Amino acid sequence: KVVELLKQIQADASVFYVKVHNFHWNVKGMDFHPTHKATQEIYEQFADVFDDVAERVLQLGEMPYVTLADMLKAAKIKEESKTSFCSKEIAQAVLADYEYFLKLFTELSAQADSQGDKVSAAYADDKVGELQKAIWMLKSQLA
């Protein structure tokens, strides 16, 4: 269902938001500043995903998550408790999460288009395009 897929993204966005803050704070090594800058941009864009996806559930007449307790249980992304990272561990860590979200937004688009919900479908397709490009930049950067 379109709504249930939206709430999965919502719960995963809020966990990824914090996970990316940890990368932002605890990155080590010579390119500390560029990764410090980039991670901050990532969690700001997923703060926007967090809000948009939730408000879209509201426009569709349902209830998004409103507690971190429920978002933690619902989330399929794993929290990161370690507190020191080099730049390429973070690129690898973010790349895997991008591929999970890409699968998630690809399903939302296919499912919304089958229900004739082209608005939810259009939103997913733009995020699909944004992720495919970021993914290709990371696989090139880790090459």
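One rule holds for the numbers: they count along the sequence shown, beginning at 1.
In this entry, 79 to 87 has the higher mean Cα B-factor, the comparison being between 79 to 87 and 114 to 122. In the PDB entry, a CA B factor belonging to the lowest third of its chain's modelled residues is recorded for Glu107. In this PDB entry, the Cα temperature factor of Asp31 sits in the top third of its chain's modelled residues, the highest group. In this PDB entry, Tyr65 carries a Cα temperature factor that places it within the highest third of its chain's modelled residues. Among all modelled residues in its chain, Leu142 ranks in the highest third by Cα B-factor.
Annotation for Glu55: CA B-factor lies in the highest third of the chain's modelled residues.
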